[PDB]
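Taking the form solved without the partner chain, here's one chain by itself in structure tokens.
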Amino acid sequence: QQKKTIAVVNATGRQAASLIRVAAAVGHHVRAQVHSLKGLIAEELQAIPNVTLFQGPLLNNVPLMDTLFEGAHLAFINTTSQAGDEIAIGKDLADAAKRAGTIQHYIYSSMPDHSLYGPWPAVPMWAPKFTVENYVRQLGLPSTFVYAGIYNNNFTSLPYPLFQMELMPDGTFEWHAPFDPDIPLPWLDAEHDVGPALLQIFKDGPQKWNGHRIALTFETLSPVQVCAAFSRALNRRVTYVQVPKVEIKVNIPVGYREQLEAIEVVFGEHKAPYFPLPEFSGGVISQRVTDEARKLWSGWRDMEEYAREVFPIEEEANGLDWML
């Protein structure tokens, strides 16, 4: 029963970092790729004895992938669009894993392609991952796909798009977005809950989870309910305002702009589900989107805890002063 070695990429990202911290603490050795060794998170992870970092780009660097998977038995792969070529990278990684011959369970962090379920456009930073998921499914090794809910800690009072908990002149907070005020959205405390859930999937094993899609969300809340949780947590007035166009108050990469534009159409105009797949939609009991995740990890944290216990600290660390 010796803890198996786990290979991961984008180690400094919230999903991977969450898994690495808890995995290492319970005995797993981790082989982790990082784009660069500098930075608070990379430095923190390098200081963990059970962790070995491998710095370099994923883009057109299969050699790094072969190195990463050498001696690994488990994998948790979450890519990004940063370098472009996310589909090619996700496929290269999967091929490298299969090539290693030792990967018993490959978990890929996937997202939906909304254009497959309704008269909706594909959200650009999500649809590509589904393509990688389809490719991975065809490979001869067990694989499981996790779909991340919206991160509680996307929220900030800095003028960043879509998830700004704006501090008003009078001390009150307002969150403006295209999401319908009352339709429940899936949320996730990435930092605390992704790691433990992923570890449980690995503990459960490939026979139980091969071919499965798991919604990594532990609570659903409408925008109005999110604001009410921040209000209870902070003892301040927090209200939601639905706006057709995302308020883009800072310069952003074009790819992100296109992501936001698709979101205005999908959620603003169409009010489509965040998880549009059929399976995520006397005595008879239908499965709720949060069922599997909660069964995987019972110690999950809600939005109210985030708002009251973590948000003030993240905000202070970002230089904000409202909590002073």
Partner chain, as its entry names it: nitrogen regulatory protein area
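Positions refer to the first chain, counted from 1. Heads up, when I say rigid core I mean the largest set of C-alphas that superpose within 1.5 Å between the two forms.
Peer 1: Given a rigid core fit, name the stretch, 89 to 97 or 245 to 253, whose C-alphas are on average farther from the form shown here in 6 other deposited structures of this protein.
Peer 2: Most displaced of the pair in 6 other deposited structures of this protein: 245 to 253.
Peer 1: Does residue 276, which is modelled here, drop out in at least a third of the other compared PDB entries?
Peer 2: It is not, since residue 276 is included in all of the other entries that model both flanking stretches.
Peer 1: What about residue 262, is it left unmodelled in a third or more of the other PDB entries we looked at?
Peer 2: It is not, since residue 262 is included in all of the other entries that model both flanking stretches.
Peer 1: According to the PDB entry, how many deposited residues between residue 281 and residue 282 are absent from the model (none, 1 to 3, 4 to 9, 10 or more)?
Peer 2: Per the deposited record, the segment joining residue 281 and residue 282 lacks coordinates for 10 or more residues.
Peer 1: Could you settle it for me: does 197 to 205 or 244 to 252 have the higher average Cα B factor in the PDB entry?
Peer 2: The entry gives the higher C-alpha B-factor average to 244 to 252.
Peer 1: For the higher mean C-alpha B factor in the entry, choose 177 to 185 or 147 to 155.
Peer 2: The stretch with the larger average C-alpha B-factor is 177 to 185.
Peer 1: In terms of CA temperature factor as recorded, identify the highest of 37, 64, 293, 26.
Peer 2: Of the candidates given, the C-alpha B-factor peaks at 64.
Peer 1: Kindly indicate the residue among 120, 106, 163, 135 with the greatest C-alpha B-factor in the PDB record.
Peer 2: Checking the PDB record, the top C-alpha B-factor among 120, 106, 163, 135 is at 120.
Peer 1: Ordered by C-alpha B-factor within the chain, which third holds residue 287? Give me lowest, middle or highest, please.
Peer 2: Its C-alpha B-factor belongs to the highest third of this chain's values.
Peer 1: Based on the entry's values, in what third of the chain does the Cα temperature factor of residue 55 lie: lowest, middle or highest?
Peer 2: Middle third by C-alpha B-factor.
Peer 1: Ordered by C-alpha B-factor within the chain, which third holds residue 304? Give me lowest, middle or highest, please.
Peer 2: For residue 304, whose C-alpha B-factor we compare with every modelled residue in the chain, the answer is the highest third.
Peer 1: Would you please rank residue 31 by its C-alpha temperature factor against the other modelled residues of its chain and give the third it falls in: lowest, middle or highest?
Peer 2: For residue 31, the deposited C-alpha B-factor lands in the lowest third.
Peer 1: Using the B-factors in the PDB entry, rank residue 320's C-alpha atom against the chain and give the third, lowest, middle or highest.
Peer 2: Residue 320: CA B-factor falls in the middle third of its chain.
Quick note: we don't show the form deposited with the partner chain bound, though the next part is all about it.
Peer 1: Among the candidate residues 267, 275, 297, 69, which is the single one with a non-hydrogen atom no more than 4.5 Å from the partner chain in the bound PDB entry?
Peer 2: Of the listed residues, the single hit is 297.
Peer 1: With the partner left out here, if you bring back the partner chain in the bound PDB entry, are 86, 249 and 261 all within 4.5 Å of it by some heavy atom?
Peer 2: No, none of the three is in contact.
Peer 1: My question is simply whether residue 316 lines the interface with the partner chain in the bound PDB entry - judged by any non-hydrogen atom within 4.5 Å.
Peer 2: So residue 316 does not count as contacting the partner chain.
Peer 1: Does any heavy atom of residue 191 come within 4.5 Å of a heavy atom of the partner chain in the bound PDB entry?
Peer 2: Residue-level check for residue 191: yes, a contact with the partner chain.
Peer 1: Would residue 199 count as a contact of the partner chain in the bound PDB entry, using a 4.5 angstroms cut-off between non-hydrogen atoms?
Peer 2: Yes, contact at 4.5 Å.
Peer 1: In the bound PDB entry, does residue 291 have a heavy atom within 4.5 Å of the partner chain?
Peer 2: No, residue 291 sits far enough from the partner chain in the bound PDB entry that none of its heavy atoms falls within 4.5 Å.
Peer 1: Taking 4.5 angstroms as the heavy atom distance cut-off, pick the stretch from 267 to 275, 49 to 57, 251 to 259, 24 to 32 that is near the partner chain in the bound PDB entry.
Peer 2: One stretch meets the cut-off, namely 24 to 32.
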